[PDB]
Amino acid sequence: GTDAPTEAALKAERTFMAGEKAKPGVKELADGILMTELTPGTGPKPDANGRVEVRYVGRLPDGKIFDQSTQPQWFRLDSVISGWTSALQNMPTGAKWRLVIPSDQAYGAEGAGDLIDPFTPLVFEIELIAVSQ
């Protein structure tokens, strides 16, 4: 119910992100997003202004699920957090990816009220079911 000093919160985010970056098989995509491939795919990749149909689980660094799909769900890439916009352009239909997204590519300093604190990196597991224009 109260915010950690930026100094401490930023340090915690940086050490979390650096730890994830060092893990085996992790690829650093644009803008600091870290990807681990659970399952490869060989289908189409989405355009920056296209749509993705996904299953997903979104977690805080301590594991807490803050949002998840209940069925495959369509999103516009130009209308989601910027970490999805950039990272998912790399993702072929059929793949299952783990993404670790720095807070400046997610909800940043503002967070999401009391649901996501300022300076919180996010961990997603995403299955790409389909893409479209």
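A residue's number is simply how far along the shown sequence it sits, counting from 1.
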Worksheet item: Once you work out the mean C-alpha B-factor for both 23 to 31 and 87 to 95 from the entry, which is higher?
Response: 23 to 31
Fill in: Deposited CA B-factor, highest of 100, 57, 54, 77
77
Worksheet item: What third of its chain's C-alpha B-factors does residue 113 belong to: lowest, middle or highest?
Response: highest
Worksheet item: By its CA B factor, does residue 71 count among the lowest, middle or highest third of the modelled residues in the chain?
Response: highest
Response to the item:
Of the three thirds of the chain ranked by Cα temperature factor, residue 49 occupies the highest
Item to complete: Taking the chain's C-alpha temperature factors as the reference, tell me which third residue 129 falls into: lowest, middle or highest.
Response: middle
